[PDB]
Amino acid sequence: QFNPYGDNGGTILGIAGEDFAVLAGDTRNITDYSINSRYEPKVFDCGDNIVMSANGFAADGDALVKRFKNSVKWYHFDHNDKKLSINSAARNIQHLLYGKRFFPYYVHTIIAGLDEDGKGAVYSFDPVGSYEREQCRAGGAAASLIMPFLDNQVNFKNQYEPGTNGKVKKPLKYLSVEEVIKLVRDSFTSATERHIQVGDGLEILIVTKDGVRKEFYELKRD
Amino acid sequence: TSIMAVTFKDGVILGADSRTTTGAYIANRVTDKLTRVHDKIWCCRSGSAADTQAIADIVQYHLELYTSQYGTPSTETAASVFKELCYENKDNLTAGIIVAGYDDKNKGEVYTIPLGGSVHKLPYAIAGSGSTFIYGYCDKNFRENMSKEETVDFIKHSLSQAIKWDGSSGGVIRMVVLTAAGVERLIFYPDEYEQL
Amino acid sequence: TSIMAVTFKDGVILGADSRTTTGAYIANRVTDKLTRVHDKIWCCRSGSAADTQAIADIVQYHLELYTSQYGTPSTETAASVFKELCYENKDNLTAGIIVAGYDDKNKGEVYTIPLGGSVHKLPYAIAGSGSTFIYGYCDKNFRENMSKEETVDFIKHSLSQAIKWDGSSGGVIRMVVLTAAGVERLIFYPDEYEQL
Amino acid sequence: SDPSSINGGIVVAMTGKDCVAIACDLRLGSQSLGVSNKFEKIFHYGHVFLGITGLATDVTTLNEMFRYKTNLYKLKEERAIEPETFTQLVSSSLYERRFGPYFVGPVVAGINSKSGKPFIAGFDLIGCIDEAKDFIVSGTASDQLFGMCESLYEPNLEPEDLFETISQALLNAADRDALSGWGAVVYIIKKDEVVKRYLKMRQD
Amino acid sequence: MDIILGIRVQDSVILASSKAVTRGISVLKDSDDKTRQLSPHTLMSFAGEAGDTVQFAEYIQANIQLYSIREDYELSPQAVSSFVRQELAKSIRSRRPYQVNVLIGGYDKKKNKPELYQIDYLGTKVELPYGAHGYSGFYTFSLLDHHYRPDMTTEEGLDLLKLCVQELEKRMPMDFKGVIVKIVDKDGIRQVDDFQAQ
Amino acid sequence: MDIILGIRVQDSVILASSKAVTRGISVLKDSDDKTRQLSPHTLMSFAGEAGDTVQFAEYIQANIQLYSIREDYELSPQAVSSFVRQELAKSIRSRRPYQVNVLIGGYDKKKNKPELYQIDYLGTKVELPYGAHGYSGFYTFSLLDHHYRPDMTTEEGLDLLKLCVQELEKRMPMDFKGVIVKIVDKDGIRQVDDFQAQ
Amino acid sequence: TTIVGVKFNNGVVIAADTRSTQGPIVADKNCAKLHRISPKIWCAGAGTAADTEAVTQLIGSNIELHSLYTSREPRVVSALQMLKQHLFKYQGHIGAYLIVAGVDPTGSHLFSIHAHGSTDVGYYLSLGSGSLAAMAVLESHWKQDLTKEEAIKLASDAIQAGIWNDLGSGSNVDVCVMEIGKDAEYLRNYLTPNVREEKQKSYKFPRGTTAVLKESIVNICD
Amino acid sequence: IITX
Amino acid sequence: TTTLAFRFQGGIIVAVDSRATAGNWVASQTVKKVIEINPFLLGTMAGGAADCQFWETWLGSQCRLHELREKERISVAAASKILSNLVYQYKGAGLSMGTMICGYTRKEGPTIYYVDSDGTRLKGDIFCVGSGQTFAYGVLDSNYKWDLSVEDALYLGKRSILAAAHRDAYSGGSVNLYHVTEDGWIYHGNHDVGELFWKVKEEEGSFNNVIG
Amino acid sequence: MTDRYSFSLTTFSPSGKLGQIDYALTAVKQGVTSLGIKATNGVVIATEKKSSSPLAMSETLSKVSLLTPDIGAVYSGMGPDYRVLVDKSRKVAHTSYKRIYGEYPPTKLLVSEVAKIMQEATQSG
Amino acid sequence: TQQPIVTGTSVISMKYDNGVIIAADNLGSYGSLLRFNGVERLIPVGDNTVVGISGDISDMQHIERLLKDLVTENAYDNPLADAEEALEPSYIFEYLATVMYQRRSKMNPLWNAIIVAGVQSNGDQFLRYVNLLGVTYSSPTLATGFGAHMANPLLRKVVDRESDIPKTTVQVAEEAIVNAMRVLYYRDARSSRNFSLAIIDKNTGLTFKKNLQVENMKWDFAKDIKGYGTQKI
Ligand SMILES: [Mg+2]
Ligand SMILES: [Mg+2]
Ligand SMILES: [Mg+2]
Ligand SMILES: [Mg+2]
């Protein structure tokens with residue numbers, strides 16, 4: 001029978017800093033065992049200081065991203081050029097997603113940006129709309145690999161303060177963009193070591209009040 | 001079902017066996033699988049008898065109304081009608097049809113619409129269960145611009161083979177000759193085609 | 001797979017293509033599907049590679065032992081061994097085999113063992129996926145007591161057609177000539193058979 | 001139905017500077033129901049350690065089997081079995097049941113008493129042997145562990161350091177897995193001595 | 001399913017087991033004893049498929065009884081259980097596995113300590129302060145996780161079981177018709193004849 | 001299933017219905033009223049699929065109340081039932097049939113006689129001395145076939161129901177948590193607040 | 001997994017990649033796919049990891065014993081006939097796909113065996129998920145009368161095709177050259193083009209980070 | 001589809 | 001999941017855990033399972049994440065509209081029946097949600113309704129819902145008493161979630177407490193099981209099936 | 001038909017001697033000398049090649065046999081009984097050891113295995 | 001809810017320094033019957049685009065029709081139809097992409113895999129793929145069916161990344177394309193020897209070659225093979 005779905009691999013990761021947030025994703029696109037492209041971006045700038053990626057079935061991810069940008073276009077039109085805050089973009093997406101609850105967009109999406117107060121923000125969605133704001137989150141194939149790492153290296157879980165008989169948690173400080181990028185790169189190299197779908201390249205979108213900056217690093221191509 | 005259509009210098013000839021079966025029973029041993037959709041536009045039918053009759057009947061109508069309004073239709077048009085029907089309704093149909101007709105400017109023409117409803121124009125075409133057995137013979141014994149007498153033979157032999165190996169084919173061999181000279185109905189009996 | 005065996009005045013020739021596939025991939029395009037079970041008793045193999053290799057390997061053995069003990073085995077006997085294996089193990093084998101060999105008293109002989117394990121002795125035989133296509137041609141172009149040269153052609157043409165139509169056949173055409181003169185190995189490349 | 005996902009649990013072993021470490025979680029449950037907070041999965045026959053994750057009944061069964069096999073070995077050979085060798089025993093013992101396997105994922109860790117080089121290995125349920133220089137992971141949280149290890153790991157760490165690493169690797173990987181956790185244990189292995197430490201961890 | 005709970009206190013093991021045997025639409029009996037004494041200080045409770053249940057229990061009984069005689073000695077609880085586990089673990093890969101789950105409560109005369117072991121039809125065994133098979137565990141483990149203390153008296157354990165029983169009667173869908181309680185301690189095994197109302 | 005019994009005495013109809021709502025592994029409530037008053041002299045008891053149950057009940061209630069007002073009259077019990085039957089018989093061939101079973105017990109003020117109708121989710125209706133839906137009938141019909149008399153008093157009927165309940169508490173596997181009884185007679189509808197202990 | 005064999009003027013060489021997978025996860029980044037059946041008879045295997053090793057050890061064992069019993073060096077057709085017959089007996093349940101090559105008193109040989117027990121012979125062969133990327137190359141650059149040097153390259157490249165274009169392959173390339181006169185040479189990790197780049201940060205946790213409950217020493221001797 |  | 005709400009002297013207690021799972025994968029431990037509808041109405045979630053979040057945020061809207069339309073605050077009964085009737089319309093499509101609508105109104109007083117995707121809507125004083133419900137009931141039922149002090153109530157609801165968080169693999173993260181009174185809901189914190197378990201063990205002396 | 005010789009052929013004599021065993025030892029006495037000397041860094045085993053004719057080719061007979069690549073054997077007695085003891089010895093080195101531990105058996109164990117084969121011929125039927 | 005019937009195999013393509021090349025054979029297979037031997041599957045749209053299609057032929061034929069109409073309707077009230085407002089490769093592709101994903105979402109897909117190759121108004125090469133599920137992607141090389149397996153590895157050894165495109169010549173590229181084509185004839189049981197190739201160069205414009213054949217074939221070595229192992233002659 002016709003199977004309306006497929007899996008194009010890839011993995012994406014988002015991290016929110018104090019006055020920035022990043023949304024990185026690998027650049028490989030596959031099908032079964034073949035590499036479709038070594039460079040096919042899946043993290044995009046949607047205007048209004050909002051980056052989004054919908055990773056999973058590319059057709060769906062693409063459709064989703066398209067419908068959202070457009071939702072941003074019409075938000076401007078219908079509401080006199082008002083800027084779509086990230087919280088609002090999020091809720092909008094929930095609806096985009098949940099509209100297809102009975103023939104889902106087989107994707108795990110994330111958007112990053114700055115909140116109304118200027119602090120970094122990341123939001124992630126279940127293929128049918130569940131969402132929440134978070135400090136960091138990875139999605140896609142190597143999600144299971146990368147996520148634990150971030151809980152540890154970003155949120156300092158299980159790390160306590162030396163010589164306290166494990167009764168005092170490590171001070172929850174906030175990483176700098178530089179450190180975040182180091183983590184992003186490691187999380188990705190690691191993921192490429194162990195996942196056959198992850199590799200080829202890593203594209204990170206950094207978001208600050210100064211707009212959106214793009215950084216690109218090569219990954220293993222095997 | 002064993003059907004073929006072969007164009008030649010004077011036009012084109014349509015040929016077919018005459019067996020209809022429900023499984024292994026021969027429902028009708030003297031069927032006519034060569035059907036007219038226009039004065040000089042005929043088709044060879046194979047697959048579901050219901051479906052093909054249904055399709056032919058509709059094409060005849062479409063062409064009849066076409067005639068009244070815009071005059072004689074080209075074979076290529078008769079083919080697009082069939083195509084349209086077969087493609088658009090691909091899920092509910094089992095009809096492989098060969099369309100062939102004679103025209104003054106285009107001489108003879110043969111179009112084949114297989115199960116998917118795609119259309120193919122060729123010097124001749126063969127279709128039906130029994131076809132598989134003559135792909136070799138036919139590819140070996142067909143030359144363009146043959147003569148009526150020659151083409152009658154090529155068809156006669158190719159079908160006889162088909163009738164020999166395929167149990168789903170048999171009966172008599174019917175042919176339809178389409179030239180500027182008109183329309184002639186040919187029939188060949190077992191006692192003649194069998195020991196060829 | 002496309003294989004056949006043709007007896008003639010001087011003996012018999014076995015012909016086959018050289019394609020092995022796993023679906024639509026060509027595993028090996030230069031396979032040898034003509035296998036010796038005895039000095040002048042060979043078989044054409046079609047179906048599962050494993051099954052047929054396995055079977056052939058065993059028939060060779062049984063025949064070798066037959067030789068040591070009771071002398072040179074008839075072709076008929078080669079066939080019986082094959083039949084035995086194919087019939088007695090029908091539920092686990094996908095093998096259609098053609099057995100042909102040359103002998104001084106019997107001249108050339110061909111036995112075909114289809115899927116059910118039945119055995120049939122015939123002037124010639126064809127089998128393999130590509131065979132359906134040449135039933136017509138072969139039944140039309142085959143006469144008895146042909147000459148080596150003629151027989152080589154008939155096989156060459158028949159298989160060329162089979163290779164043309166069937167996507168499961170291809171490569172080169174291998175033949176094996178078996179006469180009192182011995183055993184000759186023939187091969188024909190695509191660039192020659194294709195445009196025949 | 002998936003034998004490998006009924007009871008839950010994980011094991012991981014790494015190699016350091018003249019040491020190895022192997023740790024595991026203490027959980028044993030039946031699907032959602034946590035049943036035992038005291039189920040260790042690391043065993044040792046002399047100075048060779050074997051951790052096993054998978055269907056608890058099989059875990060237990062194979063331990064028993066390897067004790068037996070190691071014991072006899074010692075009586076016939078008159079020396080304790082070595083890691084390199086035990087690994088081969090495990091492999092063959094697993095492949096013996098190729099078409100009705102024990103649903104487990106063993107991990108071997110230890111230090112050859114002769115050469116002193118640290119050694120660890122892992123196997124699939126039918127015996128494929130994976131001898132690695134860095135780390136071996138197994139269990140319901142295999143992916144997570146592969147994630148922690150691949151990143152956290154770095155060559156030739158001293159015992160005291162490797163401990164932290166292996167521990168954080170296990171700990172954090174467990175927390176992202178429902179079927180694992182409920183306590184953890186780490187073995188630090190050195191020629192002379194071996195230390196066993198229990199870890200405080202989320203009890204959910 | 002039927003109810004099977006066990007709780008090891010300081011000086012004894014208390015096994016409580018439902019008295020109902022139901023088949024289809026009717027409760028066939030309301031006084032069943034889902035227990036067999038393996039040896040004078042070892043009791044085993046069981047639950048599972050229809051016949052397998054008693055059949056397995058009686059078989060393990062015979063075997064332990066035979067050993068006791070052949071050696072004029074009483075295997076330690078730990079011993080009986082391992083034996084039991086092995087009989088199950090070998091059964092899971094047989095033609096028709098015994099579909100039985102058991103709790104084994106014994107008083108180890110040598111160590112002078114009570115013990116309770118839970119082993120499922122797969123041969124999954126583990127030693128515990130208290131345990132249960134079936135759905136019962138799904139309410140009782142949390143309950144016991146909260147009210148249990150290692151130094152409890154046999155009386156205290158009975159009261160705790162009571163709680164367990166009341167909760168099960170309150171929330172479980174099936175009427176299991178109450179339980180039969182038994183205490184395994186230094187002096188052997190005795191049935192609390194007063195639990196239907198204590 | 002849940003229990004729905006109804007018994008028509010000489011001057012009334014007594015409906016008894018179980019107080020439990022269980023979902024999966026837990027009894028969520030032990031005081032459910034599986035009944036709706038269609039009109040002052042007509043009560044309907046219902047059981048079946050989780051939601052369809054109350055939804056169908058309340059819908060039928062609304063419709064009967066509306067008619068009551070549009071005509072300032074109370075439809076005869078027989079009328080209310082035929083109405084209910086047709087709603088059911090139409091449902092059985094819809095996209096998603098109401099999977100509900102009902103007993104309607106009403107006092108026909110014109111004929112001055114109590115009535116009881118049993119209707120299944122397929123719109124199968126029948127008038128009876130006593131009826132039940134589910135598995136309960138499997139026990140009660142024979143019990144009633146034996147202990148029932150046409151000239152019983154409201155009190156005698158209640159005692160008869162008591163027998164029924166007891167038999168059910170004895171032999172049914174599920175703890176349905178008792179019943180709520182209601183009597184429909186000339187003076188209306190009242191709930192026997194004293195049945196948990198009479 | 002990606003394996004090949006290429007016969008040359010005075011011998012035959014084989015190569016294979018070094019990636020093993022448990023689904024989409026890389027189990028072993030450097031397993032050994034080349035197996036010594038006898039000193040001068042090697043086999044490259046793909047399919048079920050344990051089967052290829054098991055069937056290889058088994059036949060190698062029986063081969064060693066046949067050599068000793070006959071006082072002769074093992075022949076490839078023997079390993080070939082034994083593998084085939086074993087695999088065939090198992091109706092494909094032993095998922096071993098192998099390229100068996102080596103030199104013996106009768107010359108140089110190159111064959112392939114499929115898990116159902118069918119065998120092939122050729123001048124170059126490949127098998128594995130990477131079979132197509134490799135064969136493509138082989139069909140592009142092979143020619144008769146290759147030197148040891150040319151064949152090694154040919155084989156090496158083919159494996160590279162797989163490493164690169166097949167997710168079911170990766171890491172390094174292993175070669176075994178079996179030349180008619182000389183001792184067979186096994187070049188383990190002939191090529192290593194997938195070396196992981198230096199990590200950005202070091203996660204050496206400060207000692208004391210982990211919370212320990214109770215500590216004790218283990219007894220290792222008797 | 002996340003669950004709870 | 002694991003959620004409870006129970007009624008008593010000082011109001012209603014609503015405690016839920018905060019774990020989100022994708023099978024055995026722990027998707028998150030920071031999910032709010034309580035949606036604050038209006039200052040006197042709480043809705044708890046269990047089942048599909050989206051289904052609950054979505055339809056309950058929606059419920060919130062329909063509640064507001066009612067305010068605008070009737071000037072009166074929506075009752076818990078009505079608030080609940082909206083969700084319920086909504087859900088019943090989708091019956092047979094696969095919605096998965098089990099929830100409780102707790103709230104206080106001058107007319108009804110403290111009130112709790114359980115509404116699930118099967119369309120069952122019920123009123124009661126104690127409901128535990130979710131994969132860990134049995135675990136919660138176990139603890140809850142045994143120590144629950146009507147004359148409980150607000151402080152003890154908080155603790156009990158809290159403890160029950162703790163319970164389930166421990167035993168049920170599918171529950172965990174942290175407990176979120178809410179007190180609903182005559183004057184509205186009062187949030188009583190987010191407690192990380194990671195630390196709560198240990199504190200409770202030491203202070204209470206339970207969970208002895210663990211050492212530490 | 002069938003090996004009905006199911007009883008021991010080596011029994012105990014009233015003096016405690018196992019006849020057939022003492023006798024085989026005699027056969028051993030009658031055979032050519034073979035010796036073995038062990039050094040600190042090696043071992044040597046030697047024997048004489050009793051060419052049973054100058055027409056026979058001495059080389060086509062190994063009295064000294066390799067059991068594993070680190071173990072050798074030489075004898076004195078009835079040659080054939082040896083040859084087959086070698087076969088079995090080489091085979092058991094695999095079946096009971098290389099096929100299980102992936103390394104060749106140590107001498108004492110392989111010895112122990114050969115030994116067992118022989119004992120059984122002292123008791124089996 | 002369909003199942004392809006008459007089909008066409010791979011379509012291969014790669015982009016070079018000043019253009020793109022694409023090719024596909026001329027076969028319409030009917031299962032294992034190589035039925036039709038004169039099927040062009042490379043569809044030229046205007047002067048700067050060629051769209052190669054593999055999959056079910058009847059649907060391809062339908063896409064042919066959709067493409068002609070797309071052209072007809074762009075001429076309409078378009079004074080700049082043969083210039084500034086002419087159909088660009090990207091326009092054609094996005095249209096087709098859109099249709100594919102809409103047909104998949106309706107559960108009645110066009111059973112094809114399509115590559116649109118061409119060059120844009122401003123000179124940029126354009127090469128992109130879309131298939132029956134609406135999945136789309138782009139690369140210096142692209143192929144469908146077997147070509148993805150066999151051709152891509154080959155075509156990529158020439159252009160492994162973007163930077164290699166400006167260093168690659170038409171000659172190099174076309175050579176590659178024809179070899180890959182040859183390979184496919186050897187290993188794809190559904191390939192044919194006859195094929196069509198087309199180049200779209202930013203200077204020479206669109207060159208479309210019909211009736212090419214696989215040549216330089218190595219089959220001679222087949223003579224030294226006999227048996228499947230132990231056979232001698
Ligand atoms: Mg790769
Ligand atoms: Mg062909
Ligand atoms: Mg795993
Ligand atoms: Mg966990």
# chains A, B, ... in the order shown; residues from 1 in each chain; ligands from 1
$ residues_near_ligand --ligand "ligand 3" --cutoff "8 Å" --atoms "only C-alpha atoms and all ligand atoms" --output "NGL selection string"
:D and (4 or 138-143)
$ write_last_selection --atoms "C-alpha atoms" --output "PDB file, in the first residue's frame"
ATOM      1  CA  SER D   4      14.902  -7.197  26.244  1.00  0.00           C
ATOM      2  CA  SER D 138      24.367  -1.967  27.203  1.00  0.00           C
ATOM      3  CA  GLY D 139      20.772  -1.977  28.343  1.00  0.00           C
ATOM      4  CA  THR D 140      17.525  -0.146  27.760  1.00  0.00           C
ATOM      5  CA  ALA D 141      19.439   3.148  27.821  1.00  0.00           C
ATOM      6  CA  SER D 142      22.039   2.022  25.283  1.00  0.00           C
ATOM      7  CA  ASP D 143      21.495   5.081  23.063  1.00  0.00           C
TER       8      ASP D 143
END
$ residues_near_ligand --ligand "ligand 2" --cutoff "10 Å" --atoms "only C-alpha atoms and all ligand atoms" --output "ChimeraX atom specification"
/C:1-2,17,19,130,160-171,194 /K:32-34,185,188-193
$ residues_around --residues "region 97-107 of chain F" --least-positions-apart "3" --cutoff "8 Å" --atoms "only C-alpha atoms" --output "PyMOL selection string"
chain F and resi 4-6+8+12-15+41-49+52-53+56+77+81+88+91-94+112-121+131-133+184-186+188
$ residues_near_ligand --ligand "ligand 1" --cutoff "7 Å" --atoms "only C-alpha atoms and all ligand atoms" --output "ChimeraX atom specification"
/A:221-222 /G:162-170
$ residues_around --residues "residue 12 (chain J)" --least-positions-apart "5" --cutoff "12 Å" --atoms "only C-alpha atoms" --output "list in words"
residues 17, 18, 19, 20, 21, 22, 122 and 123 of chain J
$ closest_atom_pairs --of "chain K" --to "chain G" --cutoff "7 Å" --atoms "only C-alpha atoms" --output "tab-separated table"
residue	atom	partner	partner_atom	distance
K:149	CA	G:132	CA	5.9
K:150	CA	G:136	CA	5.3
K:153	CA	G:133	CA	5.7
K:154	CA	G:137	CA	6.8
K:183	CA	G:136	CA	6.4
K:228	CA	G:120	CA	5.0
K:229	CA	G:77	CA	6.3
K:230	CA	G:77	CA	5.8
$ write_last_selection --atoms "N, CA and C atoms" --output "PDB file, in the first residue's frame"
ATOM      1  N   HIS K 149      21.949   4.606  -6.113  1.00  0.00           N
ATOM      2  CA  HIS K 149      22.886   3.669  -5.547  1.00  0.00           C
ATOM      3  C   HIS K 149      24.193   3.608  -6.291  1.00  0.00           C
ATOM      4  N   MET K 150      24.104   3.396  -7.591  1.00  0.00           N
ATOM      5  CA  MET K 150      25.277   3.291  -8.425  1.00  0.00           C
ATOM      6  C   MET K 150      25.827   4.605  -8.958  1.00  0.00           C
ATOM      7  N   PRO K 153      27.544   7.551  -6.431  1.00  0.00           N
ATOM      8  CA  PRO K 153      28.916   7.338  -5.952  1.00  0.00           C
ATOM      9  C   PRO K 153      29.934   7.723  -6.992  1.00  0.00           C
ATOM     10  N   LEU K 154      29.601   7.442  -8.242  1.00  0.00           N
ATOM     11  CA  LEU K 154      30.461   7.760  -9.362  1.00  0.00           C
ATOM     12  C   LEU K 154      30.451   9.259  -9.609  1.00  0.00           C
ATOM     13  N   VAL K 183      27.222   1.730 -16.511  1.00  0.00           N
ATOM     14  CA  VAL K 183      27.176   0.925 -15.316  1.00  0.00           C
ATOM     15  C   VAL K 183      25.766   0.395 -15.116  1.00  0.00           C
ATOM     16  N   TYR K 228      30.621 -22.720 -10.945  1.00  0.00           N
ATOM     17  CA  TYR K 228      30.407 -21.824  -9.830  1.00  0.00           C
ATOM     18  C   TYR K 228      31.296 -22.202  -8.665  1.00  0.00           C
ATOM     19  N   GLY K 229      32.490 -22.697  -8.971  1.00  0.00           N
ATOM     20  CA  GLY K 229      33.414 -23.069  -7.920  1.00  0.00           C
ATOM     21  C   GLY K 229      34.417 -24.145  -8.278  1.00  0.00           C
ATOM     22  N   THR K 230      34.008 -25.392  -8.108  1.00  0.00           N
ATOM     23  CA  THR K 230      34.861 -26.539  -8.375  1.00  0.00           C
ATOM     24  C   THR K 230      34.955 -27.011  -9.829  1.00  0.00           C
TER      25      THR K 230
END
$ residues_around --residues "region 52-69 of chain B" --least-positions-apart "4" --cutoff "9 Å" --atoms "only C-alpha atoms" --output "PyMOL selection string"
chain B and resi 35-38+43+45-48+73+77-78+81-82+85-86+93-97
$ residues_around --residues "region 8-16 of chain C" --least-positions-apart "5" --cutoff "6 Å" --atoms "only C-alpha atoms" --output "list in words"
residues 2, 3, 102, 107, 108, 145, 146, 173, 174, 175, 176, 177, 178 and 179 of chain C
$ write_last_selection --atoms "N, CA and C atoms" --output "PDB file, in the first residue's frame"
ATOM      1  N   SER C   2      17.062 -17.653 -18.807  1.00  0.00           N
ATOM      2  CA  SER C   2      16.725 -18.037 -20.233  1.00  0.00           C
ATOM      3  C   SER C   2      17.631 -19.223 -20.589  1.00  0.00           C
ATOM      4  N   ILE C   3      17.047 -20.407 -20.781  1.00  0.00           N
ATOM      5  CA  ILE C   3      17.804 -21.615 -21.088  1.00  0.00           C
ATOM      6  C   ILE C   3      17.051 -22.537 -22.036  1.00  0.00           C
ATOM      7  N   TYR C 102      25.030 -36.508 -24.671  1.00  0.00           N
ATOM      8  CA  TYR C 102      25.260 -37.260 -25.904  1.00  0.00           C
ATOM      9  C   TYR C 102      25.749 -38.675 -25.607  1.00  0.00           C
ATOM     10  N   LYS C 107      22.433 -41.085 -29.639  1.00  0.00           N
ATOM     11  CA  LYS C 107      22.736 -39.796 -30.256  1.00  0.00           C
ATOM     12  C   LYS C 107      22.503 -38.694 -29.204  1.00  0.00           C
ATOM     13  N   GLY C 108      21.694 -37.676 -29.514  1.00  0.00           N
ATOM     14  CA  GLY C 108      21.443 -36.592 -28.567  1.00  0.00           C
ATOM     15  C   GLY C 108      20.107 -36.713 -27.853  1.00  0.00           C
ATOM     16  N   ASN C 145      16.788 -32.901 -36.932  1.00  0.00           N
ATOM     17  CA  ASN C 145      18.005 -33.270 -37.664  1.00  0.00           C
ATOM     18  C   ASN C 145      18.766 -32.110 -38.288  1.00  0.00           C
ATOM     19  N   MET C 146      18.713 -30.972 -37.622  1.00  0.00           N
ATOM     20  CA  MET C 146      19.415 -29.795 -38.069  1.00  0.00           C
ATOM     21  C   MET C 146      20.892 -30.096 -37.994  1.00  0.00           C
ATOM     22  N   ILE C 173      25.533 -15.168 -24.287  1.00  0.00           N
ATOM     23  CA  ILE C 173      24.855 -16.435 -24.519  1.00  0.00           C
ATOM     24  C   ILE C 173      25.885 -17.561 -24.530  1.00  0.00           C
ATOM     25  N   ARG C 174      25.758 -18.500 -23.606  1.00  0.00           N
ATOM     26  CA  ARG C 174      26.673 -19.613 -23.543  1.00  0.00           C
ATOM     27  C   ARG C 174      25.992 -20.812 -24.115  1.00  0.00           C
ATOM     28  N   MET C 175      26.765 -21.616 -24.812  1.00  0.00           N
ATOM     29  CA  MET C 175      26.250 -22.841 -25.362  1.00  0.00           C
ATOM     30  C   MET C 175      27.278 -23.881 -25.043  1.00  0.00           C
ATOM     31  N   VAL C 176      26.841 -25.120 -25.173  1.00  0.00           N
ATOM     32  CA  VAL C 176      27.668 -26.280 -24.933  1.00  0.00           C
ATOM     33  C   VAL C 176      27.226 -27.292 -25.989  1.00  0.00           C
ATOM     34  N   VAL C 177      28.160 -27.662 -26.868  1.00  0.00           N
ATOM     35  CA  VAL C 177      27.877 -28.606 -27.939  1.00  0.00           C
ATOM     36  C   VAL C 177      28.352 -29.986 -27.512  1.00  0.00           C
ATOM     37  N   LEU C 178      27.467 -30.966 -27.603  1.00  0.00           N
ATOM     38  CA  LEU C 178      27.791 -32.318 -27.205  1.00  0.00           C
ATOM     39  C   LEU C 178      27.578 -33.266 -28.355  1.00  0.00           C
ATOM     40  N   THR C 179      28.679 -33.781 -28.899  1.00  0.00           N
ATOM     41  CA  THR C 179      28.634 -34.752 -30.002  1.00  0.00           C
ATOM     42  C   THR C 179      29.738 -35.776 -29.773  1.00  0.00           C
TER      43      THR C 179
END
$ residues_around --residues "residue 157 (chain E)" --least-positions-apart "6" --cutoff "12 Å" --atoms "only C-alpha atoms" --output "MDAnalysis selection string"
chainID E and resid 5:16 129:130 144 147:151 163:164 181:183
$ interface_residues --of "chain I" --to "chain F" --cutoff "6 Å" --atoms "only C-alpha atoms" --output "list in words"
residues 118, 119 and 120 of chain I
$ select_by_dssp --residues "chain A" --states "helix (DSSP H, G or I)" --output "ChimeraX atom specification"
/A:58-78,86-99,143-153,177-194
$ interface_residues --of "chain E" --to "chain F" --cutoff "6 Å" --atoms "only C-alpha atoms" --output "ChimeraX atom specification"
/E:26-27,171-175
$ residues_near_ligand --ligand "ligand 4" --cutoff "6 Å" --atoms "only C-alpha atoms and all ligand atoms" --output "PyMOL selection string"
chain D and resi 174-181
